[PDB]
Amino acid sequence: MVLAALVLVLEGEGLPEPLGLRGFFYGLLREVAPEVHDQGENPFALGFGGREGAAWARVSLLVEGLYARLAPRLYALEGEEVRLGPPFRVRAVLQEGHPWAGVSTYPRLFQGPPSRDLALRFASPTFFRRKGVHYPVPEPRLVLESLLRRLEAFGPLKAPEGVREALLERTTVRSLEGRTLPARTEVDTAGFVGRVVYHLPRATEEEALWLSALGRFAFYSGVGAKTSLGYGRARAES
């Protein structure tokens, strides 16, 4: 039931590098969860951010077994030097007291209040796979299919079809503000950063509930492709 996003507060210069962060993360699992590398839907997501001198990394876990297996290892890293591309000292491992740290449960994603609208902030470059070509436009179905798919893959609930068809086929965009930035790990790829407000016309109370739930879930799962490299870090706003 638990969802967790733990933030590593880092000491050192520069920021974590996507590939190094992912390598560091997968290094912790090759012991205790060798299987997650090959699975087609990741039960985790990585991120990083901050200004120079105030860098941080983040590990989001969408399944309980992983939290159990990994959280003890992460806490044991406090005060130690790790490599996330460049070397850093893990000052603290935070569940609370950081904007991108948090814990919840899957049922709690569904405690509303419901809303016809969903304002998503994309905080790192976000893009999607179509036909083996990356696409940076945060269209409603891409975003919400991305969220819904994983919510279901790892949560205890799936949506009634009415709700789903509403979410994916009927959700529109009310406003969009932002720009694309290069995804440095990829070839000829950029990703959207900014704010998009989605709206579901004729939304039932239920539909609105689920929309809000996908919104809340995004904080943990991220959106789109290559969340294992820190892309698609997003959260709901008002």
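Note that residue numbering begins at 1 and tracks the sequence as displayed.
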property: Residue stretch of maximal mean CA temperature factor, 53-61 vs 25-33; result: 25-33
property: Selected stretch [higher average CA B-factor]: 152-160 or 99-107; result: 152-160
property: Among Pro136, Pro72, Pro140, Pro87 - the residue whose C-alpha B-factor is largest in the record; result: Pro87
property: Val193, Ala45, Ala203, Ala190, ranked by C-alpha B-factor: the highest one; result: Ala203
property: Ranked C-alpha temperature factor of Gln39 among modelled chain residues, by third; result: highest
property: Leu120 CA temperature factor, ranked by third within the chain; result: lowest
property: Relative C-alpha B-factor of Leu15, binned into the chain's lowest, middle or highest third; result: highest
property: Modelled-residue ranking by C-alpha temperature factor, third containing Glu207; result: highest
property: For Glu169, the third of its chain into which the C-alpha B factor falls; result: highest
